[PDB]
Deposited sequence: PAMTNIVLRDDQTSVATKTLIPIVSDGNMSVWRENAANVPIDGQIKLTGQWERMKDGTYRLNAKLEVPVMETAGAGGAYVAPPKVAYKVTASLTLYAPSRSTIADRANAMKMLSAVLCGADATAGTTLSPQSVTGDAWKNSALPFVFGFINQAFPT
């Protein structure tokens, strides 16, 4: 399929919407980037999807989100990266099950079946105020013990 915009929501008290527009693709790497006014290219949120069929037939797929913070010059950036390793014998079902289940972990699965926190929540600060296991864990840099 052709790249489209990808529209995201941050966790601010008044949740802000980020629109990532298609920039470039070469068949195995595709780049989307925000086009916010008065921000240099190296300060824009950037999403990259890349994939490779490795020599042994395993597929390695990666989605990487980079959020730079400006001092200008870039002061630093936070990067979040999902890699899926799918050996040659793997099936559609294997990959769907694994992606769904890990996504559920990231969105706050816990000891009760079905628990989730929407990554499109309109509720400000809902992620930074969450006690859910891996939501709190990544944000506070410490997993359950």
(request) Could you sort out which parts of the deposited sequence are absent from the coordinates (no C-alpha) and give them as ranges from 1? (result) 72 to 82
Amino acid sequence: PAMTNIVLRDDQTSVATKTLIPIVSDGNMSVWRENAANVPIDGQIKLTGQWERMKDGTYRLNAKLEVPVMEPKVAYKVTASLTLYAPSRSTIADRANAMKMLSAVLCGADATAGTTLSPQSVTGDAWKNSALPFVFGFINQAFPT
From here on, numbers count along this sequence of modelled residues.
(message) Please compare 50 to 58 with 77 to 85 and name the stretch with the higher mean C-alpha B-factor in the deposited structure.
(response) 50 to 58
(request) Would you mind comparing 34 to 42 and 90 to 98 for me and telling me which has the higher average C-alpha temperature factor in the entry? (result) 34 to 42
(request) Relative to the other modelled residues of the same chain, rank the CA B-factor of residue 142 and answer lowest, middle or highest third. (result) highest
(message) Can you tell me whether residue 15 has a C-alpha B-factor in the lowest, middle or highest third compared with the other modelled residues of the same chain?
(response) highest
(message) Based on the deposited C-alpha B factors for this chain, I'd like to know if residue 27 is in the lowest, middle or highest third.
(response) highest
(message) How does the C-alpha B factor of residue 111 compare with the rest of the chain: lowest, middle or highest third?
(response) middle
(request) Among all modelled residues of this chain, ranked by Cα B factor, put residue 70 in the bottom, middle or top third, i.e. lowest, middle or highest. (result) highest
